[PDB]
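Novice: Residue numbers (PDB author numbering), protein chains in the order written: chain D, 329 to 433; chain E, 2 to 70; chain B, 179 to 235; chain A, 7 to 237.
All C-beta atoms in this analysis are idealised placements derived from N, C-alpha and C, irrespective of residue type, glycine included.
1. If residue 185 of chain A and residue 153 of chain A are in contact, beta carbons under 8 Å, what's the gap, nearest whole angstrom?
2. Counting only C-beta atoms, is residue 373 of chain D closer than 8 Å to chain B at any point?
3. Do residue 10 of chain E and residue 21 of chain E have their beta-carbon atoms positioned less than 8 Å apart in this structure?
4. Distance cutoff 8 Å, beta carbons only. Does residue 497 of chain D sit that close to anything in chain E?
5. Say whether chain E places a C-beta atom closer than 8 Å to the C-beta of residue 417 of chain D.
6. Can you give the Cα-Cα distance for residue 158 of chain A and residue 165 of chain A, rounded to whole angstroms?
7. Would you decide whether residue 232 of chain B is buried or exposed? Buried here means 16 or more other CB atoms lie within 10 Å of its CB.
8. State yes or no: is the beta carbon of residue 229 of chain B nearer than 8 Å to at least one beta carbon in chain D?
9. Just checking: is the beta-carbon of residue 204 of chain B within a distance shorter than 8 Å of some beta-carbon in chain D?
10. Just to confirm the assignment, what range does the beta strand (DSSP E) spanning residue 109 of chain A have?
11. Just to make sure I have the definition right: I need the residues of chain B whose C-beta is within less than 7 Å of the C-beta of residue 180 of chain A. Which are they?
12. Could you list which residues in chain B have their beta carbon closer than 8 Å to that of residue 153 of chain A, in chain order?
13. With which residues is residue 144 of chain A paired in a DSSP beta bridge?
14. Run down chain D in chain order and give the residues with a C-beta less than 8 Å from the C-beta of residue 15 of chain E.
15. Which whole-angstrom value describes the C-beta separation of residue 92 of chain A and residue 74 of chain A, a residue pair presumed to lie in contact below a C-beta threshold of 8 Å?
16. Residues of chain D with CB closer than 8 Å to the CB of residue 44 of chain E, please, in chain order.
17. Taking 8 Å as the CB-CB cut-off, is residue 9 of chain E touching chain D?
18. Assign residue 205 of chain B to one of three DSSP states: helix, strand, or coil.
19. Find the residues of chain A that neighbour residue 221 of chain B, judging by a C-beta separation of less than 8 Å, and give them in chain order.
20. Output needed for residue 112 of chain A: all residues of its chain with C-beta closer than 8 Å, excluding positions within five of it in sequence on either side, in chain order.
21. Measuring CA to CA, which of A/16, A/7, A/11 and A/8 is closest to residue 214 of chain A?
22. Opposite residue 25 of chain A in the DSSP bridges: which residues?
23. How far does the beta strand (DSSP E) with residue 352 of chain D in it extend, from its first residue to its last?
24. In chain order, which beta strand (DSSP E) runs of at least 3 residues are fully inside the stretch 169-201 of chain A?
25. Leaving out the 5 sequence neighbours to the left and right, which residues in its chain are closer than 8 Å to residue 5 of chain A when beta-carbon positions are compared?
26. Taking the C-alpha atoms as reference points, what is the distance between residue 132 of chain A and residue 70 of chain A?
27. Given residue 30 of chain E, which residues of its chain have a CB within under 7 Å of its CB, disregarding the five upstream and five downstream residues?
28. Which residues in chain B sit within 8 Å of residue 213 of chain A, going by Cβ to Cβ distance?
29. Among the candidates A/218, A/100 and A/208, whose CA atom is the shortest distance from the CA of residue 234 of chain B?
30. From which residue to which residue does the alpha helix (DSSP H) around residue 133 of chain A run?
31. Which residue from A/222, A/79, A/169 and A/203 puts its Cα closest to that of residue 41 of chain A?
32. What residue does the beta strand (DSSP E) around residue 91 of chain A start on, and which one ends it?
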C-alpha cells in the first residue's frame with residue numbers, strides 16, 4: 329500500500345508540487361518597456377529576493393549579523409533599495425501564465 | 002543587459018554545452034578563485050561569462066588547459 | 179541650422195520617489211554651429227521672453 | 007532685433023474667474039507660453055489646506071454624534087473642501103464652536119487675524135437638537151500638490167491620540183486653466199498675437215501672483231540650462 333497506488337508514492341510524490349520563491353499578480357501594459365524586460369513591483373521584488381538581499385547586505389558589511397539584516401529590511405531604508413537595485417541588474421525571472429499550452433507560455 | 006547569445010552559440014554549435022562551459026566559468030568567477038578577463042560594466046557574473054565567451058577568450062579546452070596548469 | 183530634433187522622457191527615481199523623469203535630447207545640426215551652443219541660444223531666447231514677468235529673485 | 011511681451015490689463019469677472027492678457031507676443035511663442043504656463047499653473051501652485059481634525063465626543067471617523075445627521079466621515083469630507091487663506095504661519099489651529107439648531111457654516115469659525123475664510127457661507131454641518139453642541143479644532147498647513155493620509159502614515163510621529171482624524175491634503179488652489187492666442191493688431195506691425203489666459207480658482211491665489219510664480223519657476227529651470235559644464 330505504501331508503494332503501490334496514487335496516495336502512496338510515485339503517482340503523487342513526483343507529480344505536481346508547490347515551489348518556493350514564487351509569486352503571482354495581475355498584468356498590465358507598460359508600453360515604455362524594452363522587449364527584453366518587464367515591470368516588477370517593488371514590494372514583490374523585495375519579498376522574492378529577500379535572501380539575496382541579506383547575503384549582499386552582509387557582504388557589504390552594512391549588517392553585522394543576519395538578524396540585523398532582517399531588522400533593516402523590515403524598516404526598509406535607502407540602503408535596502410540600493411542593494412536591491414544592485415542585485416537585480418542582470419538577474420532574470422521566469423513568467424508563466426496558468427494554461428501553458430506551448431513552450432512560449 | 003546582454004539580450005542575445007547568438008554569437009556564443011555560433012562559437013559552439015550545440016547550444017547546450019555552451020551553457021555548461023559558461024556555468025563552469027561563472028562558477029569559477031563567483032567563488033573568487035579566478036578573475037574576469039573582460040572589463041566589467043556592473044554586470045553580474047553570468048553575463049560576464051557570456052560576454053567572455055562571445056569574445057573568444059574562453060571555451061572548454063582553455064578551461065582544461067588552465068585547470069591542469 | 180537644426181536638421182533634426184527629438185526628445186525622449188524616461189523614468190528615473192531618487193531612491194524613494196519613482197515618478198521623476200530624465201530627458202534625453204538627440205539633436206542633429208547642419209555643421210554651422212555646434213549643438214551645445216545651439217541649445218545655449220535656444221534656452222537664452224526663451225528666457226529673454228520670459229524675463230518680463232519673473233521677479234522673485 | 008526682437009519684440010517682448012508686456013503684462014497688460016487683468017480683468018476680474020468674478021472672485022474665482024479671471025482673465026490675464028499678454029499683448030506683444032512674437033509669432034510662434036503664443037502656443038509655447040500658453041502651454042508652458044498651463045502646465046506650471048495646474049501642477050505647482052502652493053496652497054494651504056486642512057490636514058487633520060479633532061472633535062471632542064468622537065473616538066474614530068466612523069462613529070456618530072447625537073443631534074447631527076451627517077456622519078463624522080461626511081464632516082471630514084466637507085472640511086476637505088474648505089477654502090482658507092493663511093498669511094504668516096505654516097500651521098494654524100482654527101476653532102469652531104456652535105450650539106443650538108441650525109446649519110454650522112464656515113462663517114462661525116473663530117475669527118483670527120492671519121486667516122481669511124474665503125467663502126463664509128460654506129456649510130459644514132447641521133445640528134438638530136436644542137442642547138446639541140459641537141466644538142472642534144482644525145489644523146491647517148501649507149503645501150504643494152496632493153498628499154494622502156496613507157503616505158504620511160510612514161511618518162506617524164506619535165499619532166497616539168485616538169481623537170486625531172487625518173484628512174487627505176489637496177494642496178492646490180487652481181481648478182481650471184485655458185488659453186487663447188488671438189490676432190493682436192499692433193499699430194505698427196502686421197502679424198502679432200495676444201495671449202489671454204483665463205483661470206478659475208477657489209478664490210485664494212490672486213492671478214498676478216500665480217502668473218509671476220509660474221514664470222519664475224520656468225525661468226529658473228531655463229537658468230539651469232544656460233550654463234553647460236561639459237567638464
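Specialist: On the basis of the data shown:
1. That pair is no contact at about 28 Å.
2. no
3. no
4. Outside the shown range of chain D, which is 329 to 433, sits residue 497 of chain D, and nothing can be said about it.
5. yes
6. 11 Å
7. buried
8. no
9. no
10. 108-111
11. None at all; the shortest Cβ gap to chain B is about 17 Å.
12. Correct list: empty, because the minimum Cβ distance to chain B is about 13 Å.
13. A/59 and A/100
14. The premise fails here: residue 15 of chain E is roughly 19 Å from chain D at the closest Cβ pair, so nothing lies under 8 Å.
15. The Cβ separation is near 28 Å, so there is no contact.
16. 417 and 418
17. no
18. strand
19. 228, 231 and 232
20. 88, 123, 125, 126, 127, 128, 129 and 130
21. A/16
22. A/17 and A/204
23. Taken as a continuous stretch (DSSP letters only), residue 352 of chain D belongs to no beta strand (DSSP E), as it is neither H nor E.
24. 175-177 and 180-189
25. Since the first and last residues shown for chain A are 7 and 237, residue 5 of chain A lies out of range.
26. 13 Å
27. 37, 46, 49 and 50
28. Within chain B, no residue comes near residue 213 of chain A; the closest Cβ sits about 12 Å away, beyond 8 Å.
29. A/218
30. Here residue 133 of chain A belongs to no alpha helix (DSSP H); instead the beta strand (DSSP E) covers 129-133.
31. A/203
32. 90-92
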